[PDB]
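Chemist: coords please:
(5 chains, ligands or ions: 3)
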Amino acid sequence: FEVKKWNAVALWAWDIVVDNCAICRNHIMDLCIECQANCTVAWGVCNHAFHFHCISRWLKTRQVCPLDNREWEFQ
Amino acid sequence: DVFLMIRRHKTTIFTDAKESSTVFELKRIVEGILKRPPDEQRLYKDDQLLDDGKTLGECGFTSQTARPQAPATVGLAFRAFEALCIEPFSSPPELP
Amino acid sequence: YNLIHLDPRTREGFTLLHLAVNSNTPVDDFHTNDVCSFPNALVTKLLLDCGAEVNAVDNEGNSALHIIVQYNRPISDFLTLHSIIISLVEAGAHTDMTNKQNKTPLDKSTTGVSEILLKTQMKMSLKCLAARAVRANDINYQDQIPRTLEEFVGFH
Amino acid sequence: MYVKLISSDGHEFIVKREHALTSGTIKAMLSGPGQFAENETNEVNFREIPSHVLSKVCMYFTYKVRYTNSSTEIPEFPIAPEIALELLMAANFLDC
Amino acid sequence: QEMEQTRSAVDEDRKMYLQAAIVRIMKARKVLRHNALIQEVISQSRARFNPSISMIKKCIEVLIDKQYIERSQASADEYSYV
Ligand SMILES: [Zn+2]
Ligand SMILES: [Zn+2]
Ligand SMILES: [Zn+2]
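Modeler: Numbers count the residues shown, from 1 in each chain, chains lettered A, B, ... in the order given. Ligands and ions are numbered 1, 2, ... in the order given. Let me share the structure:
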């Protein structure tokens, strides 16, 4: 079989491998909840990129990733 | 997407093909681009004859070996077969 | 345009394009902070439309592309970082040329996001690969090449 | 569809026209008077560049056509030390 | 089913807005009474949805576990941060 003509829809998104900051549940383009009213993005060794303030508070609480069980580190 | 450097004396042809495909259409396309009868072309891979129905991926070169870089030293000859006298490329000058 | 065709340079060779690209460019502590943020994609586009030397180098040899890749906030203002690299490459910057330390902007990217954007925007040329091979092997190229190509070996 | 690139030292290199229009100078040579529209030969005489550098620019033509925008893990193109500074001048002449 | 989840998709969206609103208030004066904060967050989140008293109370407890807010040791009604 073949097709004479086709119609499509496509959801373009930026090519960043990370999607969201899973602390404040805010997209990483915008600012964290601690930071909106007044930031930098901190990556991880386990392909974990979140907000700087959120990561700082989380590591002040515990040295564990918020989704898996692995020791946090900077880049 | 296998790549080949089909050589015959001075003449050299750079050809793209598929991993699993016979040499029949290879001989037909070199016939089309060489403007000569098709039956006299005989491909040599390091100076040995190969089957006319066997796929070229299994012949000794694959897409991992025959890259867009230096593909293969595939020689070609025409029946008058002619002796394989593939002219090598000119030697680079003596650098200081 | 008139200011660009005087080639204004700071102490460290920064042209008028480099400072609009740089993130360390000082913005005054007064009300200028609210409106003037460097890097700015509109200023870079305006300067390139007005004829800024997109391949100009500073004292360290870093071109306009070498400074935008070193930007340390690739995701917070990715809209800014994307458009300036598009403008720099479309204006005719070399996505391969090296500074005084022989460091390609891919090597001086220090950021995955900028590296991905630049690798997307690179256009491959045999002249660039050959000149990179010449520079890497330290081949004596003086008085063996065109004079216009000596510069090309100089930065590639 | 297929163009022929005669080197200085006699060697004839045949690559696709789509592959050989990625260099500006060859595109200019094919256009103009004496385009020789036989649709299969389109010969060009490179009386200056030797055989090895012409072979390398043909490999580069294939390499660029294959990797024009794909395969972000781009393989390195193997410039020998003895072919550089003579492939560089050839690439400048061809405006690759 | 699709209508129900979209009514529940905004439920997670307004919890994130309530947490953002509570933190935004808590970084301007750094301490408020428990009853005084509820009327303040409702006033800010008023052009959008009207938050129920039970939902904001749950958002305080979630933010306590997130260590953005914490009850003061001197007075449990007062809210500090950590
Ligand atoms: Zn966050
Ligand atoms: Zn922040
Ligand atoms: Zn993690």
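
Chemist: For chain C, give the helix that spans the most residues.
Modeler: helix C:78-91 (DSSP state H).

Chemist: list the buried ones in whichever helix or strand comes after that one?
Modeler: Helices and strands here follow DSSP states H and E; after helix C:78-91, the next one along the chain is helix C:112-121. Going by neighbour count (16 or more other Cβ atoms under 10 Å in any protein chain shown), the buried part of helix C:112-121 is C:113, C:114, C:115, C:116, C:117, C:118, C:121. C-beta here means a position set from N, CA and C on the backbone, and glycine is covered the same way.

Chemist: okay but the second one is in contact with residue C:73, surely?
Modeler: No: between residue C:114 and residue C:73 there is no contact, the gap being 10.5 Å when judged by Cβ atoms under 8 Å.

Chemist: Which neighbours do the two have in common?
Modeler: residue C:81 (Cβ atoms under 8 Å, 6 or more residues apart in numbering or on different chains).

Chemist: would a markdown table of the buried residues of helix C:112-121 with distance to chain D be doable?
Modeler: Below are these laid out as a markdown table (distance: Cβ to the nearest Cβ, whole Å):
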| residue | distance to chain D |
| --- | --- |
| C:113 | 14 |
| C:114 | 14 |
| C:115 | 10 |
| C:116 | 8 |
| C:117 | 12 |
| C:118 | 11 |
| C:121 | 10 |
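
Chemist: Relative to ligand 2, which of the residues you listed is nearest.
Modeler: residue C:113 (17.9 Å; Cβ to the ion).

Chemist: Excluding chain neighbours, what is closest to that closest one?
Modeler: The shortest distance from residue C:113 to any non-neighbouring residue, by Cβ to Cβ, 6 or more residues apart in numbering or on different chains, is to residue C:74 (3.7 Å).

Chemist: For that neighbour, give me phi and psi.
Modeler: Dihedral pair for residue C:74: phi -70, psi -20, per degrees, to the nearest 10.

Chemist: Report the separation between it and residue B:42.
Modeler: 57 Å (Cβ to Cβ, to the nearest Å).

Chemist: can you check residue A:10 too?
Modeler: With Cβ to Cβ as the criterion, residue A:10 and residue B:42 are 50 Å apart.

Chemist: So which of the two has more stuff around it?
Modeler: Comparing residue A:10 with residue B:42 by other Cβ atoms under 10 Å in any protein chain shown, the one with more neighbours is residue B:42, at 17 against 5.

Chemist: list the contacts for residue 59?
Modeler: Here I'm looking at chain A. Taking Cβ under 8 Å, 6+ apart as the test, what residue A:59 contacts is residue A:72.

Chemist: Sorry, I should have been clearer: chain E.
Modeler: Residues in contact with residue E:59 (Cβ under 8 Å, 6+ apart) are E:15, E:18, E:19, E:22.

Chemist: May I have the strand or helix carrying it exported as CSV, CA atoms only?
Modeler: Element membership for residue E:59, per DSSP H and E: helix E:53-65. The C-alpha trace of helix E:53-65 is given here as CSV (Å, rounded to 0.1, in the frame of the first residue of the first chain):
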residue,chain,number,x,y,z
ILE,E,53,-9.1,25.9,53.9
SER,E,54,-8.4,22.2,54.0
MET,E,55,-6.2,22.2,50.9
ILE,E,56,-3.9,25.0,52.2
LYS,E,57,-3.6,23.2,55.5
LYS,E,58,-2.4,20.1,53.6
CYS,E,59,0.0,22.2,51.6
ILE,E,60,1.5,23.5,54.8
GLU,E,61,2.2,19.9,56.0
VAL,E,62,3.7,19.0,52.7
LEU,E,63,6.0,22.0,52.8
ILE,E,64,7.0,21.1,56.4
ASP,E,65,8.3,17.8,55.1
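
Chemist: Please identify the buried residues of that helix?
Modeler: Under the neighbour-count rule (16+ other Cβ under 10 Å), helix E:53-65 has E:56, E:59, E:60, E:63 buried.

Chemist: List the buried residues of the helix ranked longest in chain D.
Modeler: Taking DSSP H as the criterion, chain D has its longest helix at helix D:51-66. Judged by neighbour count (16+ other Cβ under 10 Å), helix D:51-66 contains these buried residues: D:51-66.

Chemist: From the contact counts, what lies against it?
Modeler: strand B:11-17, helix C:126-137, strand D:12-16, helix D:17-20, helix D:87-94 (3 or more Cβ pairs under 8 Å, 6 or more residues apart in numbering or on different chains; DSSP states H and E).

Chemist: what are the pairing partners of the first one, and which direction each?
Modeler: Right, strand B:11-17. strand B:2-8 (antiparallel), strand D:12-16 (parallel) (DSSP bridges).

Chemist: need the next SSE after it, C-terminal direction.
Modeler: helix B:24-34.

Chemist: the strands in chain A, which residues?
Modeler: A:20-21, A:26-27, A:41-42, A:50-51 (DSSP state E).

Chemist: quick revisit: nearest to residue D:9 among the buried residues of helix D:51-66?
Modeler: Nearest to residue D:9 among those is residue D:51, at 5.0 Å by Cβ to Cβ.

Chemist: quick check: angle from the longest helix of chain D to helix D:87-94?
Modeler: 70 degrees (axes from the mean of the first three to the mean of the last three Cα atoms, to 10 degrees).

Chemist: which parts of chain B sit against chain C?
Modeler: By Cβ under 8 Å from any Cβ of the partner chain, the residues of chain B that approach chain C are B:95, B:96.

Chemist: The residue of chain B found nearest chain C - how many residues pack around it?
Modeler: Per Cβ to the nearest Cβ, residue B:96 is where chain B lies closest to chain C, at 6.3 Å. By the measure other Cβ under 10 Å, the count of residues near residue B:96 is 6.

Chemist: Please report how far the residue nearest to it when sequence neighbours are not counted lies from residue C:116.
Modeler: Distances taken as Cβ to Cβ, 6+ apart place residue C:140 nearest to residue B:96, at 6.3 Å, with adjacent residues excluded. Distance, residue C:140 to residue C:116, using Cβ to Cβ: 36 Å.

Chemist: what sits against whatever residue of chain E ends up closest to ligand 2?
Modeler: Chain E approaches ligand 2 most closely through residue E:23 (10.9 Å), counting by Cβ to the ion. Taking Cβ under 8 Å, 6+ apart, we find residue E:23 in contact with A:33, A:34, A:37, E:63, E:68, E:69.

Chemist: I'd guessed the fourth one sits against residue E:18; true?
Modeler: No: under the criterion of Cβ under 8 Å, residue E:63 is not in contact with residue E:18, lying 9.1 Å apart.

Chemist: So what's the residue count around the closest residue to ligand 3 within chain B?
Modeler: Nearest residue of chain B to ligand 3, counting by Cβ to the ion: residue B:64, 34.6 Å away. Using other Cβ under 10 Å, residue B:64 has 8 neighbouring residues.
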